[PDB]
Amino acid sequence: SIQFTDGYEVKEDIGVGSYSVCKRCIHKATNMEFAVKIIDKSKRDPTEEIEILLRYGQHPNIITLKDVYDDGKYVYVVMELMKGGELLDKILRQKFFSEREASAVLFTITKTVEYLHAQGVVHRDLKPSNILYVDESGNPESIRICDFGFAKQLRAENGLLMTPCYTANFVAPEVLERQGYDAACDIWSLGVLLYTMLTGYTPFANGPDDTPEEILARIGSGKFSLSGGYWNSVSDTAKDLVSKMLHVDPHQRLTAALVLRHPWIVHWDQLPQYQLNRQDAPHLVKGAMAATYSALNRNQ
């Protein structure tokens, strides 16, 4: 059709990946700035990702697609910009962040994942850096799940999209099996998010200089300190939830739905409103956080 540069003015970068790139751009006609993802078709096929952005991008807590282009070589995905930075980091930098707000945030994030899983979609990369605030309003309504570059639609053999209910069609078990994992895998990530918000540090990582082996060793042990120091002033209700989200066995791990039925999310009005006793090392956590997912994606 037309072309991207004809309607957008490219600005500075936001995040440069091996396959894709994200830069800030401004819709010339309206002067309204956005974020544009440039994917190298020759290196990766962005179909899957866009298809998901087109269908479920309408969700309030899912980064919305505003326009698309394709000059043959690359594909420009014009999405909404996030003027609120990383959700986790921002929260970690709130010294008085209560325990009630955690339930609020996690709920909004969870409510979104439940929908995705319900539609047969798994993020497969639901790390903290991919959960930003659209603005600085603070209210959970401004939460956005982004970067679906690793998302995956549950489908059949004949390119037919499927849902976790309708199984009357041909869906290979090994394909359905991994979906059951990726689902609980997304949950696991949310468990990490929660754990970090409550205490102010990663459950399996200490900093950016943690060997992938020791990190995996920790994750592999299944056990993780849910008490002492920063956990002292945390609700047992909250601690109960975390232990079930980070449950080593994915089969015995809570599902998005089950998490939403949990009392810490249901009876939120009975949660504390006073500040939490956390560690104030947002940057350190950022490294430890990246140090983890890196160890997991070492075979990707």
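Heads up: residue numbers just count along the shown sequence, starting at 1.
Peer 1: Out of 56-64 and 268-276, which stretch has the higher average CA B-factor listed in the record?
Peer 2: Result of the comparison: 268-276.
Peer 1: According to the deposited model, is the average Cα temperature factor higher in 243-251 or in 259-267?
Peer 2: If you average the C-alpha B-factors of 243-251 and of 259-267, the larger mean comes out for 243-251.
Peer 1: Sort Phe96, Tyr133, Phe204, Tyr74 by C-alpha B-factor from the entry and give me just the highest.
Peer 2: When the deposited C-alpha B-factors of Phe96, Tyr133, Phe204, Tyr74 are compared, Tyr74 is largest.
Peer 1: Taking the Cα B-factors listed in the entry, which of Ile219, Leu198, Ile187, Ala118 comes out highest?
Peer 2: Of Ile219, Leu198, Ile187, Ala118, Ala118 has the highest C-alpha B-factor.
Peer 1: Within this chain's modelled residues, let me know which third the CA B factor of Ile26 belongs to: lowest, middle or highest.
Peer 2: Within its chain, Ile26 is a highest-third residue by C-alpha B-factor, going by the deposited values.
Peer 1: Could you say whether, by C-alpha temperature factor, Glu48 belongs to the lowest, middle or highest third of its chain?
Peer 2: According to the entry, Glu48 has a C-alpha B-factor in the chain's highest third.
Peer 1: Going by the CA temperature factor in the PDB record, which third of the chain does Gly85 belong to: lowest, middle or highest?
Peer 2: Answer is lowest: the recorded C-alpha B-factor places it there.
Peer 1: Please say which third, lowest, middle or highest, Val10 falls into when its CA temperature factor is compared across its chain.
Peer 2: CA B-factor rank for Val10: highest third.
Peer 1: Tell me, lowest, middle or highest third: where does the Cα B factor of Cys146 rank within its chain?
Peer 2: Its C-alpha B-factor belongs to the middle third of this chain's values.
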